[PDB]
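Containing PDB, C-alpha atoms: coords07.pdb.
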MODEL        1
ATOM      1  CA  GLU A   1      -8.275  17.995   1.736  1.00  0.00           C
ATOM      2  CA  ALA A   2      -6.208  15.672  -0.490  1.00  0.00           C
ATOM      3  CA  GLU A   3      -5.082  17.959  -3.315  1.00  0.00           C
ATOM      4  CA  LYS A   4      -5.906  15.700  -6.266  1.00  0.00           C
ATOM      5  CA  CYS A   5      -3.449  15.568  -9.181  1.00  0.00           C
ATOM      6  CA  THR A   6      -3.855  16.562 -12.829  1.00  0.00           C
ATOM      7  CA  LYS A   7      -3.933  13.311 -14.818  1.00  0.00           C
ATOM      8  CA  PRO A   8      -6.425  10.581 -13.741  1.00  0.00           C
ATOM      9  CA  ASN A   9      -5.151   7.491 -11.899  1.00  0.00           C
ATOM     10  CA  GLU A  10      -2.135   9.351 -10.494  1.00  0.00           C
ATOM     11  CA  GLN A  11      -3.849  10.527  -7.302  1.00  0.00           C
ATOM     12  CA  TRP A  12      -2.641  11.699  -3.916  1.00  0.00           C
ATOM     13  CA  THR A  13      -1.363   8.884  -1.743  1.00  0.00           C
ATOM     14  CA  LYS A  14      -0.013   9.094   1.785  1.00  0.00           C
ATOM     15  CA  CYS A  15       1.925   5.888   1.145  1.00  0.00           C
ATOM     16  CA  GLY A  16       3.399   5.415  -2.335  1.00  0.00           C
ATOM     17  CA  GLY A  17       5.952   2.739  -3.277  1.00  0.00           C
ATOM     18  CA  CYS A  18       4.910  -0.352  -5.231  1.00  0.00           C
ATOM     19  CA  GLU A  19       1.417  -1.088  -6.542  1.00  0.00           C
ATOM     20  CA  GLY A  20      -0.724  -3.683  -8.312  1.00  0.00           C
ATOM     21  CA  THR A  21      -0.664  -5.054 -11.852  1.00  0.00           C
ATOM     22  CA  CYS A  22      -3.067  -6.522 -14.388  1.00  0.00           C
ATOM     23  CA  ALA A  23      -2.067  -9.836 -12.817  1.00  0.00           C
ATOM     24  CA  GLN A  24      -1.372  -8.964  -9.158  1.00  0.00           C
ATOM     25  CA  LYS A  25      -3.638  -6.406  -7.467  1.00  0.00           C
ATOM     26  CA  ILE A  26      -0.903  -6.285  -4.813  1.00  0.00           C
ATOM     27  CA  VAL A  27       2.764  -6.906  -5.577  1.00  0.00           C
ATOM     28  CA  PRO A  28       4.970  -8.132  -2.641  1.00  0.00           C
ATOM     29  CA  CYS A  29       7.492  -5.547  -1.417  1.00  0.00           C
ATOM     30  CA  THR A  30       9.689  -5.609   1.695  1.00  0.00           C
ATOM     31  CA  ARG A  31       9.614  -1.801   1.553  1.00  0.00           C
ATOM     32  CA  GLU A  32       7.177   0.265   3.652  1.00  0.00           C
ATOM     33  CA  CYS A  33       5.662   3.355   2.027  1.00  0.00           C
ATOM     34  CA  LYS A  34       7.190   6.146  -0.075  1.00  0.00           C
ATOM     35  CA  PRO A  35       6.606   9.711   1.225  1.00  0.00           C
ATOM     36  CA  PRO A  36       3.200  11.363   0.550  1.00  0.00           C
ATOM     37  CA  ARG A  37       2.974  12.259  -3.145  1.00  0.00           C
ATOM     38  CA  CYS A  38       0.857  11.922  -6.295  1.00  0.00           C
ATOM     39  CA  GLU A  39       0.970   8.312  -7.521  1.00  0.00           C
ATOM     40  CA  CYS A  40      -0.969   5.157  -8.396  1.00  0.00           C
ATOM     41  CA  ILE A  41      -3.521   3.606  -6.004  1.00  0.00           C
ATOM     42  CA  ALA A  42      -3.961  -0.184  -5.797  1.00  0.00           C
ATOM     43  CA  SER A  43      -6.498  -0.071  -2.958  1.00  0.00           C
ATOM     44  CA  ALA A  44      -8.704   1.637  -5.563  1.00  0.00           C
ATOM     45  CA  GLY A  45      -8.241  -0.580  -8.638  1.00  0.00           C
ATOM     46  CA  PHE A  46      -5.418   1.020 -10.652  1.00  0.00           C
ATOM     47  CA  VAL A  47      -2.763  -1.206 -12.275  1.00  0.00           C
ATOM     48  CA  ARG A  48       0.607  -0.493 -13.895  1.00  0.00           C
ATOM     49  CA  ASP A  49       0.952  -1.213 -17.615  1.00  0.00           C
ATOM     50  CA  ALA A  50       4.144  -2.895 -18.810  1.00  0.00           C
ATOM     51  CA  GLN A  51       4.991   0.623 -19.951  1.00  0.00           C
ATOM     52  CA  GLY A  52       5.180   1.647 -16.294  1.00  0.00           C
ATOM     53  CA  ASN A  53       1.903   3.541 -16.804  1.00  0.00           C
ATOM     54  CA  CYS A  54      -0.696   3.617 -14.018  1.00  0.00           C
ATOM     55  CA  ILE A  55      -4.107   2.962 -15.586  1.00  0.00           C
ATOM     56  CA  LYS A  56      -7.463   1.582 -14.405  1.00  0.00           C
ATOM     57  CA  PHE A  57      -7.841  -2.207 -14.363  1.00  0.00           C
ATOM     58  CA  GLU A  58     -10.374  -1.974 -17.198  1.00  0.00           C
ATOM     59  CA  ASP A  59      -7.843  -0.025 -19.278  1.00  0.00           C
ATOM     60  CA  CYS A  60      -5.785  -3.229 -19.274  1.00  0.00           C
ATOM     61  CA  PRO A  61      -4.660  -4.750 -22.594  1.00  0.00           C
ATOM     62  CA  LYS A  62      -6.771  -7.501 -24.191  1.00  0.00           C
TER
ENDMDL
END
If you convert what's in this file into structure tokens, what do you get?
Amino acid sequence: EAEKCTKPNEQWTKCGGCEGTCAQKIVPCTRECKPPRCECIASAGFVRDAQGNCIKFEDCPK
């Protein structure tokens, strides 16, 4: 159904765009939703590392 991606975290999303962080599960964004494509998923629990890297919330720094 939803052709998963190769690397973890980066998964299929019908609405990409912005995401969450290790400090804001949901970041404000006047945008709407990027086209369907492999990307991060906040509604799941993935955050973006300062290095612009989508990783689980547990994979957060210390």
- Between CA of residue 28 (chain A) and CA of residue 7 (chain A), what is the spacing in Å?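 Taking CA of residue 7 (chain A) as the start and CA of residue 28 (chain A) as the end point, the length is 26.2 Å.
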- Quick one: everything within 10 Å of region 16-19 of chain A, counting all atoms listed in the file, minus sequence neighbours fewer than 5 positions away in the same chain. Send it as number ranges by chain. A: 24-43, 45-48, 54
- CA of residue 60 (chain A) and CA of residue 22 (chain A), how far apart in Å? 6.5 Å
To box region 10-20 of chain A, take all atoms listed in the file, fit an axis-aligned box, add 8 Å on each side, and give centre and edge lengths in Å to one decimal, as lines of an AutoDock Vina configuration file.
center_x = 1.1
center_y = 4.0
center_z = -4.4
size_x = 25.8
size_y = 31.4
size_z = 28.3
- Could you tell me how far CA of residue 12 (chain A) lies from CA of residue 53 (chain A), in Å and to one decimal?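 Here the two named atoms are 15.9 Å from each other.
Comparing the minimum interatomic distances between residue 61 (chain A) and each of A:6, A:49, A:11, A:21, counting all atoms listed in the file, we find that A:49 sits nearest.
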